[PDB]
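In this document, chain identifiers A, B, C and D correspond to the written order of the chains, with residue numbering beginning at 1 in each.
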Amino acid sequence: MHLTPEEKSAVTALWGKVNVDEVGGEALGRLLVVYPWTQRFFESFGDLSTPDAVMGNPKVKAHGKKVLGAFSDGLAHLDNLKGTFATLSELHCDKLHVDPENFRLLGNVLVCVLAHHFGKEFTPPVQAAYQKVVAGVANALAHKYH
Amino acid sequence: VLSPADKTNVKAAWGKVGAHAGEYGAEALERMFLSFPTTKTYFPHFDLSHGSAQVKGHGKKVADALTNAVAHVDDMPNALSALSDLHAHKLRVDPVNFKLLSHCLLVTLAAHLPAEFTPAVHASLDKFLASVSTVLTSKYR
Amino acid sequence: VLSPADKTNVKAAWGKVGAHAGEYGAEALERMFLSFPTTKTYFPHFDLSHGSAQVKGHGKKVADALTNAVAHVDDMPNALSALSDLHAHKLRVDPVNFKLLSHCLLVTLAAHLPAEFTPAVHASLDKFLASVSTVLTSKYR
Amino acid sequence: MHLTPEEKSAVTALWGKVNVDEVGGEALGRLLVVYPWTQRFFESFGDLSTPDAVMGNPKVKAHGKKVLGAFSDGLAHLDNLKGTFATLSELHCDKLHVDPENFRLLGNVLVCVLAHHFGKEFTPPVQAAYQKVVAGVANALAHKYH
């Protein structure tokens, strides 16, 4: 996690404009459509057989909002990602049994979603900062695995 | 394998790119160089500053090769054969790098095609770039 | 693609494995669980302690599917279609993990077959495990 | 490194039995044969068309000993890999243009060669400590890339 000060202002500046509820549902939904194997964790969510079934599923949207709410909260603690996500790391490992590669896939999908929403505003340098942030978050969510 | 629906999605999305391919290629490359700096090790002989003519020129070459694969979507291993030899025998780029460029191409398309970059299309494009990458890397050993 | 020399190399090495296949499967899994603890997330229902019967039994199944792949080396997709379906639609193991098991299998082979694990044979075995992995993940999407 | 004392000592005790000249030559040679694209940095070493030519190539052998020699000296700085390998990281990036993914490939090949040499002694717990060392070294070697 080497975020220069200017990288950090870029990340925070953009994040200020995000509707986390909406972006959360899009990112989780697209993860499940593009990388269908990630659906293994959500069998209680009902119908996930087509793109519209996944994107409009109320459980997928509510879960996306929850995932991204916790992610935002992490953007307020960029100097202590490990500490911030420690109990979630443990939970994902010991209770939910989620392969940490899933955090990396979600990070990449989140980057495409941000690109989709912001267009030109998501410049190459802004992307580069966000790539360090999603990797830092993925690493923090994995740090308690054993 | 690409399905009928994938092929349709890719031709549709690439059709809207049209005469922007080159520009989008160069932007994909710049994104890659800045987000994944290890990829710069393959271009020590290039000037990599913003707006560099070598980057634009190479962007166009990449985009044209992608355009050719879309035009021969049912015969890609044969349409990209020469490029496959070049990467395996001369350039010898490590396979992990293909995923990095593919991701940056998707970010670039998402940034420019807001109406066409639906979930289904994103899925088809991702599968397409992975098949291109597989072909380009098929003769490595 | 597997060359003729590769098939010969792989058949010879696996031939010497012989009746230890099951033991080597189990040892490869144990090395994977220890070296790459994230892989344990796919086996929360197993007792993963040293010498557990679940690991042994699973090691046998893995080793037997490989024996079958070696015997059907020229027709892998068909011989493994069922396992390919299983991994794509039920188990849904992330593709990155196949590399991790493959590496642990190689280390196991290197450790038990010193004279047979020559540079050329090491090369062929790595290509073979990669093709098997490709086949097992070919229907994921 | 996040190495445990029993892990640290497992690494150290095994390493004291290693013939660095032979293992270096074998690790680099296997790398060029298993992953042929890695040959791109060694055109001036001569003939590398066949495994026999690679393994018998005296420049491959001498380069292998040099690389493992530096790795060897790094095993005495486990609490500070980043600082030990900093100048080396810079050289690999700025002068040699070596994709760091190559460091990972060599690490894995090196682990296979240790197993080949030590057999029974290269137990699963001993492998796990080495996998951590080899990733640690790769990461330290890539740290100054920009």
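Keep this in mind: contacts are C-beta pairs under 8 Å (C-beta built on N, C-alpha and C of every residue); 3 or more make two chains touch, one makes a residue touch a chain.
By chain, UniProt protein names: A, D = Hemoglobin subunit beta; B, C = Hemoglobin subunit alpha.
The pair A-B is the one among A-B, A-C or B-D whose contacts match those of C-D for more than half of the residue pairs. Interface comparison, A-B versus A-C: the pair with the greater number of contacting C-beta pairs is A-B.
Taking the mean of the C-alpha atoms as each chain's centre, chain A and chain D sit 35 Å apart. Chain centres here are Cα means. That of chain A falls 25 Å from that of chain B. For the pair chain B and chain C, the distance between C-alpha centroids works out to 32 Å. In chain C, the residues that reach two or more other chains under the touch definition are 123, 141.
Residue positions 34 of chain D each touch two or more of the other chains.
In the complex of the two chains, the chain C residues touching chain A come out as 37-38, 41-42, 44, 88, 91-94, 96-97, 140-141. Contact residues of chain C toward chain B in the complex are 1, 123, 127, 138, 141. Chain A meets chain C in the complex at residues 34-40, 93, 97-102, 142, 145-146.
Chain C makes touch with chain D in their complex at residues 27, 30-31, 34-36, 103, 106-108, 110-112, 114, 117-120, 122-123, 126.
Those residues of chain A lying in contact with chain B across their complex are 29-30, 33-34, 51, 54-55, 108, 111-113, 115-116, 118-120, 122, 124-125, 127-128, 131.
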